[PDB]
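These notes concern the structure reproduced below.
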Amino acid sequence: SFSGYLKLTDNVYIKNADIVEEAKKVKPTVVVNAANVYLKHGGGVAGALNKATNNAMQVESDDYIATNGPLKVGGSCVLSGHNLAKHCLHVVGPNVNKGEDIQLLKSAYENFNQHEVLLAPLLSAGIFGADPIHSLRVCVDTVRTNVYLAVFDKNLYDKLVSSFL
Ligand SMILES: c1nc(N2CC[C@@H](n3cncn3)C2)c2cc[nH]c2n1
């Protein structure tokens, strides 16, 4: 099970960790990917998860897109978790660097409520351009299921914990 997490609320937990290493250790039922609408896993969390699957996540994702078309910003899809988890919940947060509306971040976190427990990154943070402090606030105010947040960057983790409330 999940270990070394700081408890933020009744249902939200956080740890300074690489979500790939966390997924490989815990083998959670669900790992969340910080996806884009095309499921093109090039960088950030998506590029790291995909590389850990030896590109099997991208091969599966290209078949999904060929059949279904792109996701909506704020939407999600459930695909295989490969060697990392039972399932991967690909969630698209708004990318502020591409000009998407930050109000879609709450819709993105609502996808987590369809799963009892999840290992996840902060949505729209990193290369997506949003303020991670805002992202954690939206996560805590939107997700009601048990979410274990892995924050890769130690300096950001400390800033998030010391400013939480
Ligand atoms: C958790 N979060 C991650 N990320 C969050 C936004 C993004 N980033 C940008 N600066 C700091 N981190 C990537 C990653 C990347 C690999 N493994 C991870 N585990």
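Within each chain, counting starts at residue 1; across the structure tokens, chains are named A, B, ... in the order shown, with ligands numbered 1 upward in that order.
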Produce a table with one row for each residue of chain A that has an atom at most 12 Å from any atom of ligand 1, each row naming the nearest atom pair and its distance in Å at one decimal; use only C-alpha atoms and all ligand atoms; arrange rows by chain and rising residue number; format as CSV.
```
residue,atom,partner,partner_atom_place_in_ligand_line,distance
A:14,CA,ligand 1,1 (C),10.7
A:15,CA,ligand 1,1 (C),9.6
A:16,CA,ligand 1,1 (C),8.3
A:17,CA,ligand 1,19 (N),6.3
A:18,CA,ligand 1,19 (N),3.9
A:19,CA,ligand 1,19 (N),3.7
A:20,CA,ligand 1,17 (N),5.6
A:21,CA,ligand 1,17 (N),7.9
A:22,CA,ligand 1,19 (N),8.3
A:23,CA,ligand 1,19 (N),9.6
A:24,CA,ligand 1,17 (N),11.7
A:31,CA,ligand 1,19 (N),10.8
A:32,CA,ligand 1,1 (C),10.0
A:33,CA,ligand 1,2 (N),9.4
A:34,CA,ligand 1,6 (C),8.0
A:35,CA,ligand 1,6 (C),11.1
A:41,CA,ligand 1,15 (C),11.6
A:42,CA,ligand 1,15 (C),11.3
A:43,CA,ligand 1,15 (C),8.1
A:44,CA,ligand 1,13 (C),4.4
A:45,CA,ligand 1,15 (C),3.9
A:46,CA,ligand 1,15 (C),7.6
A:47,CA,ligand 1,16 (C),7.8
A:48,CA,ligand 1,16 (C),5.3
A:49,CA,ligand 1,16 (C),7.4
A:50,CA,ligand 1,16 (C),10.3
A:51,CA,ligand 1,16 (C),10.3
A:52,CA,ligand 1,16 (C),10.4
A:93,CA,ligand 1,6 (C),11.4
A:95,CA,ligand 1,6 (C),11.7
A:119,CA,ligand 1,1 (C),9.8
A:120,CA,ligand 1,1 (C),7.5
A:121,CA,ligand 1,2 (N),4.9
A:122,CA,ligand 1,5 (C),6.0
A:123,CA,ligand 1,6 (C),7.5
A:124,CA,ligand 1,6 (C),7.5
A:125,CA,ligand 1,6 (C),5.0
A:126,CA,ligand 1,9 (C),3.3
A:127,CA,ligand 1,9 (C),5.7
A:128,CA,ligand 1,6 (C),7.7
A:129,CA,ligand 1,9 (C),9.0
A:130,CA,ligand 1,6 (C),9.9
A:131,CA,ligand 1,6 (C),10.6
A:132,CA,ligand 1,6 (C),8.6
A:135,CA,ligand 1,6 (C),10.8
A:136,CA,ligand 1,5 (C),11.7
A:148,CA,ligand 1,1 (C),11.0
A:149,CA,ligand 1,1 (C),7.9
A:150,CA,ligand 1,1 (C),5.1
A:151,CA,ligand 1,1 (C),4.7
A:152,CA,ligand 1,1 (C),4.3
A:153,CA,ligand 1,11 (C),5.1
A:154,CA,ligand 1,11 (C),9.0
A:155,CA,ligand 1,11 (C),9.4
A:156,CA,ligand 1,11 (C),7.6
A:157,CA,ligand 1,11 (C),9.6
```
If we count only C-alpha atoms, what is near residue 106 (chain A) at a cut-off of 12 Å, once residues fewer than 6 positions away on the same chain are taken out, given as number ranges by chain? A: 73-75, 91-94, 112-113, 122-124, 134-143
Would you pick out the contacts of residue 86 (chain A) at 9 Å or less, using only C-alpha atoms, so that residues sharing its chain but fewer than 2 positions from it are not included, and give the list as a list in words?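 Within the cut-off, the hits are residues 27, 28, 29, 30, 31, 80, 81, 82, 83, 84 and 88 of chain A.
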Where does DSSP see helix (DSSP H, G or I) in region 13-113 of chain A, if you list the residues as a PyMOL selection string? chain A and resi 19-26+44-52+56-68+96-98+104-113
Pull the strand (DSSP E) assignments for region 9-102 of chain A out of DSSP run on the backbone, and list those residues as an mmCIF file with N, CA and C atoms, in the first residue's frame.
```cif
data_model
loop_
_atom_site.group_PDB
_atom_site.id
_atom_site.type_symbol
_atom_site.label_atom_id
_atom_site.label_comp_id
_atom_site.auth_asym_id
_atom_site.auth_seq_id
_atom_site.Cartn_x
_atom_site.Cartn_y
_atom_site.Cartn_z
ATOM 1 N N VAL A 12 -7.352 13.393 0.776
ATOM 2 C CA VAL A 12 -6.207 13.772 -0.061
ATOM 3 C C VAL A 12 -4.917 13.604 0.714
ATOM 4 N N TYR A 13 -3.926 12.952 0.077
ATOM 5 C CA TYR A 13 -2.610 12.685 0.623
ATOM 6 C C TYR A 13 -1.564 13.198 -0.384
ATOM 7 N N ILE A 14 -0.357 13.522 0.093
ATOM 8 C CA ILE A 14 0.677 14.051 -0.811
ATOM 9 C C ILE A 14 2.068 13.563 -0.407
ATOM 10 N N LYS A 15 2.945 13.350 -1.394
ATOM 11 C CA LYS A 15 4.309 12.871 -1.103
ATOM 12 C C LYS A 15 5.249 13.469 -2.156
ATOM 13 N N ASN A 16 6.533 13.727 -1.790
ATOM 14 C CA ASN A 16 7.511 14.177 -2.774
ATOM 15 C C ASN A 16 8.028 12.886 -3.402
ATOM 16 N N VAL A 30 -5.319 2.353 -10.077
ATOM 17 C CA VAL A 30 -5.358 3.433 -11.052
ATOM 18 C C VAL A 30 -4.201 4.377 -10.891
ATOM 19 N N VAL A 31 -3.468 4.634 -11.976
ATOM 20 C CA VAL A 31 -2.507 5.730 -12.027
ATOM 21 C C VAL A 31 -3.083 6.777 -13.005
ATOM 22 N N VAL A 32 -3.053 8.054 -12.634
ATOM 23 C CA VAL A 32 -3.523 9.112 -13.506
ATOM 24 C C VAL A 32 -2.395 9.637 -14.360
ATOM 25 N N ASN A 33 -2.638 9.805 -15.655
ATOM 26 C CA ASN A 33 -1.690 10.449 -16.509
ATOM 27 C C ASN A 33 -2.164 11.874 -16.803
ATOM 28 N N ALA A 34 -1.227 12.792 -16.840
ATOM 29 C CA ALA A 34 -1.469 14.187 -17.209
ATOM 30 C C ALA A 34 -1.389 14.257 -18.733
ATOM 31 N N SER A 76 -11.537 12.607 -19.924
ATOM 32 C CA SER A 76 -10.657 11.504 -19.610
ATOM 33 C C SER A 76 -11.047 10.246 -20.337
ATOM 34 N N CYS A 77 -10.143 9.284 -20.307
ATOM 35 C CA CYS A 77 -10.421 7.940 -20.741
ATOM 36 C C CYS A 77 -9.652 6.960 -19.915
ATOM 37 N N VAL A 78 -10.198 5.759 -19.754
ATOM 38 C CA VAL A 78 -9.539 4.704 -19.018
ATOM 39 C C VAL A 78 -8.890 3.754 -19.997
ATOM 40 N N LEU A 79 -7.582 3.580 -19.877
ATOM 41 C CA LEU A 79 -6.862 2.615 -20.707
ATOM 42 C C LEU A 79 -6.023 1.642 -19.761
ATOM 43 N N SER A 80 -5.186 0.769 -20.311
ATOM 44 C CA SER A 80 -4.416 -0.155 -19.516
ATOM 45 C C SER A 80 -3.372 0.590 -18.731
ATOM 46 N N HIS A 87 -4.986 0.058 -14.293
ATOM 47 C CA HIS A 87 -5.513 0.977 -15.320
ATOM 48 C C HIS A 87 -4.791 2.286 -15.280
ATOM 49 N N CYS A 88 -4.824 3.002 -16.394
ATOM 50 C CA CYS A 88 -4.322 4.375 -16.437
ATOM 51 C C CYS A 88 -5.522 5.250 -16.794
ATOM 52 N N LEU A 89 -5.832 6.219 -15.907
ATOM 53 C CA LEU A 89 -6.872 7.192 -16.192
ATOM 54 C C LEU A 89 -6.182 8.429 -16.844
ATOM 55 N N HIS A 90 -6.306 8.569 -18.176
ATOM 56 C CA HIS A 90 -5.728 9.693 -18.878
ATOM 57 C C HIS A 90 -6.622 10.885 -18.710
ATOM 58 N N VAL A 91 -6.178 11.925 -17.963
ATOM 59 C CA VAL A 91 -7.013 13.102 -17.734
ATOM 60 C C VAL A 91 -6.388 14.314 -18.361
#
```
Pick the closest to residue 70 (chain A) from A:36, A:53, A:3, A:97: which is it, counting only C-alpha atoms?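 For residue 70 (chain A), the nearest of the given residues is A:36.
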Return the single residue from A:55, A:11, A:146, A:61 that is closest to residue 39 (chain A), with distances computed using only C-alpha atoms. A:61
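Taking CA of residue 147 (chain A) and CA of residue 165 (chain A) as endpoints, the distance between them is 17.5 Å.
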Given the choices A:56, A:118, A:85, A:37, which gets closest to residue 100 (chain A) if the distance is worked out from only C-alpha atoms? A:37
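Proximity to residue 109 (chain A) was assessed for A:145, A:161, A:57, A:96 counting only C-alpha atoms; the smallest distance is recorded for A:145.
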